[PDB]
Amino acid sequence: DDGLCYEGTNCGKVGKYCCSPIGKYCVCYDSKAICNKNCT
């Protein structure tokens with residue numbers, strides 16, 4: 001919840017999505033929801 005989630009290639013998320021306001025997180029998953037949720 002403490003961050004954002006978008007699609008593209010900023011964390012090697014080719015095929016899924018990622019979450020990173022700057023990089024300290026850079027957490028990607030297949031469930032775009034897990035990206036916003038589990039990422040932080």
# chains A, B, ... in the order shown; residues from 1 in each chain; ligands from 1

call {"tool": "residues_around", "arguments": {"residues": "residue 40 of chain A", "least_positions_apart": "5", "cutoff": "12 Å", "atoms": "only C-alpha atoms", "output": "PDB file with C-alpha atoms, in the first residue's frame"}}
result
ATOM      1  CA  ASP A   1       0.000   0.000   0.000  1.00  0.00           C
ATOM      2  CA  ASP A   2       2.967   2.364   0.569  1.00  0.00           C
ATOM      3  CA  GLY A   3       3.874   2.743  -3.138  1.00  0.00           C
ATOM      4  CA  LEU A   4       2.486   2.523  -6.711  1.00  0.00           C
ATOM      5  CA  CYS A   5       2.288  -0.093  -9.545  1.00  0.00           C
ATOM      6  CA  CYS A  18       6.110  -4.012 -10.890  1.00  0.00           C
ATOM      7  CA  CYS A  19       6.022  -1.580  -7.986  1.00  0.00           C
ATOM      8  CA  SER A  20       8.748   1.009  -7.331  1.00  0.00           C
ATOM      9  CA  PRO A  21       8.438   4.662  -6.272  1.00  0.00           C
ATOM     10  CA  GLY A  23      13.875   1.454  -6.432  1.00  0.00           C
ATOM     11  CA  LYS A  24      14.297   0.466  -2.750  1.00  0.00           C
ATOM     12  CA  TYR A  25      11.355  -1.866  -3.514  1.00  0.00           C
ATOM     13  CA  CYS A  26      11.481  -2.929  -7.250  1.00  0.00           C
ATOM     14  CA  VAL A  27       9.125  -5.828  -6.539  1.00  0.00           C
ATOM     15  CA  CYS A  28       7.227  -7.471  -9.420  1.00  0.00           C
ATOM     16  CA  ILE A  34       0.337  -8.517  -5.484  1.00  0.00           C
ATOM     17  CA  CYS A  35       2.481  -5.741  -6.933  1.00  0.00           C
TER      18      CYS A  35
END

call {"tool": "select_by_dssp", "arguments": {"residues": "chain A", "states": "strand (DSSP E or B)", "output": "PyMOL selection string"}}
result
chain A and resi 6+17-19+27-29

call {"tool": "write_last_selection", "arguments": {"atoms": "N, CA and C atoms", "output": "PDB file, in the first residue's frame"}}
result
ATOM      1  N   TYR A   6       2.842  -0.038 -11.895  1.00  0.00           N
ATOM      2  CA  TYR A   6       2.575   0.255 -13.333  1.00  0.00           C
ATOM      3  C   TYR A   6       3.131  -0.885 -14.189  1.00  0.00           C
ATOM      4  N   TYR A  17       3.900  -7.314 -13.843  1.00  0.00           N
ATOM      5  CA  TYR A  17       3.985  -5.833 -13.568  1.00  0.00           C
ATOM      6  C   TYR A  17       4.890  -5.553 -12.346  1.00  0.00           C
ATOM      7  N   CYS A  18       5.174  -4.281 -12.021  1.00  0.00           N
ATOM      8  CA  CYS A  18       6.110  -4.012 -10.890  1.00  0.00           C
ATOM      9  C   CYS A  18       5.680  -2.846 -10.030  1.00  0.00           C
ATOM     10  N   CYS A  19       6.342  -2.687  -8.923  1.00  0.00           N
ATOM     11  CA  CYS A  19       6.022  -1.580  -7.986  1.00  0.00           C
ATOM     12  C   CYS A  19       7.315  -0.935  -7.495  1.00  0.00           C
ATOM     13  N   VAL A  27       9.716  -4.478  -6.770  1.00  0.00           N
ATOM     14  CA  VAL A  27       9.125  -5.828  -6.539  1.00  0.00           C
ATOM     15  C   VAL A  27       8.048  -6.118  -7.581  1.00  0.00           C
ATOM     16  N   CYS A  28       8.232  -7.151  -8.364  1.00  0.00           N
ATOM     17  CA  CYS A  28       7.227  -7.471  -9.420  1.00  0.00           C
ATOM     18  C   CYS A  28       6.574  -8.823  -9.183  1.00  0.00           C
ATOM     19  N   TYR A  29       5.386  -8.987  -9.699  1.00  0.00           N
ATOM     20  CA  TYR A  29       4.669 -10.269  -9.538  1.00  0.00           C
ATOM     21  C   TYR A  29       3.714 -10.469 -10.699  1.00  0.00           C
TER      22      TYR A  29
END

call {"tool": "residues_around", "arguments": {"residues": "segment 13-16 of chain A", "least_positions_apart": "3", "cutoff": "9 Å", "atoms": "only C-alpha atoms", "output": "list in words"}}
result
residues 7, 8, 9, 10, 27, 28, 29, 30, 31 and 32 of chain A

call {"tool": "write_last_selection", "arguments": {"atoms": "N, CA, C and O atoms", "output": "short mmCIF file (atom, residue, chain, number, x, y, z; two decimals), in the first residue's frame"}}
result
data_model
loop_
_atom_site.label_atom_id
_atom_site.label_comp_id
_atom_site.auth_asym_id
_atom_site.auth_seq_id
_atom_site.Cartn_x
_atom_site.Cartn_y
_atom_site.Cartn_z
N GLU A 7 3.02 -0.80 -15.49
CA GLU A 7 3.52 -1.92 -16.35
C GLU A 7 4.60 -1.41 -17.30
O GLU A 7 4.61 -0.26 -17.70
N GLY A 8 5.50 -2.28 -17.67
CA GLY A 8 6.59 -1.88 -18.61
C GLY A 8 7.83 -2.79 -18.46
O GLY A 8 7.79 -3.95 -18.83
N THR A 9 8.93 -2.27 -17.95
CA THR A 9 10.16 -3.09 -17.82
C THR A 9 11.14 -2.52 -16.76
O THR A 9 12.34 -2.69 -16.87
N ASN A 10 10.66 -1.78 -15.77
CA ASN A 10 11.62 -1.15 -14.79
C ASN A 10 12.25 -2.13 -13.81
O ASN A 10 13.27 -1.84 -13.20
N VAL A 27 9.72 -4.48 -6.77
CA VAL A 27 9.13 -5.83 -6.54
C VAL A 27 8.05 -6.12 -7.58
O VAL A 27 7.07 -5.40 -7.69
N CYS A 28 8.23 -7.15 -8.36
CA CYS A 28 7.23 -7.47 -9.42
C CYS A 28 6.57 -8.82 -9.18
O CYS A 28 7.14 -9.70 -8.56
N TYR A 29 5.39 -8.99 -9.70
CA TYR A 29 4.67 -10.27 -9.54
C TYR A 29 3.71 -10.47 -10.70
O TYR A 29 3.51 -9.57 -11.49
N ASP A 30 3.09 -11.62 -10.78
CA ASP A 30 2.11 -11.85 -11.87
C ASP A 30 0.76 -11.20 -11.54
O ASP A 30 0.11 -10.66 -12.41
N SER A 31 0.36 -11.22 -10.30
CA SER A 31 -0.93 -10.57 -9.92
C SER A 31 -0.69 -9.06 -9.79
O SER A 31 -0.07 -8.65 -8.83
N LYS A 32 -1.14 -8.23 -10.72
CA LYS A 32 -0.90 -6.74 -10.59
C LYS A 32 -1.29 -6.33 -9.14
O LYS A 32 -0.72 -5.44 -8.55
#

call {"tool": "select_by_dssp", "arguments": {"residues": "chain A", "states": "helix (DSSP H, G or I)", "output": "tab-separated table (two decimals) with N, CA, C and O atoms, in the first residue's frame"}}
result
chain	number	residue	atom	x	y	z
A	32	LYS	N	-1.14	-8.23	-10.72
A	32	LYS	CA	-0.90	-6.74	-10.59
A	32	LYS	C	-1.29	-6.33	-9.14
A	32	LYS	O	-0.72	-5.44	-8.55
A	33	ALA	N	-2.25	-7.02	-8.58
A	33	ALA	CA	-2.65	-6.78	-7.18
A	33	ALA	C	-1.48	-7.08	-6.23
A	33	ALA	O	-1.20	-6.30	-5.36
A	34	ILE	N	-0.80	-8.21	-6.39
A	34	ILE	CA	0.34	-8.52	-5.48
A	34	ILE	C	1.39	-7.42	-5.59
A	34	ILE	O	2.09	-7.12	-4.65
A	35	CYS	N	1.49	-6.84	-6.74
A	35	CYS	CA	2.48	-5.74	-6.93
A	35	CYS	C	2.10	-4.60	-5.99
A	35	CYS	O	2.84	-4.29	-5.10
A	36	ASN	N	0.94	-4.02	-6.12
A	36	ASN	CA	0.55	-2.94	-5.14
A	36	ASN	C	0.62	-3.48	-3.69
A	36	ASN	O	1.19	-2.87	-2.81
A	37	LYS	N	0.00	-4.60	-3.45
A	37	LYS	CA	-0.06	-5.22	-2.08
A	37	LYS	C	1.29	-5.71	-1.49
A	37	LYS	O	1.87	-5.06	-0.64
A	38	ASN	N	1.73	-6.88	-1.88
A	38	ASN	CA	2.96	-7.51	-1.32
A	38	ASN	C	4.23	-6.73	-1.56
A	38	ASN	O	5.23	-6.93	-0.89
A	39	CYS	N	4.23	-5.91	-2.54
A	39	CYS	CA	5.49	-5.16	-2.88
A	39	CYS	C	6.19	-4.46	-1.72
A	39	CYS	O	7.40	-4.54	-1.59
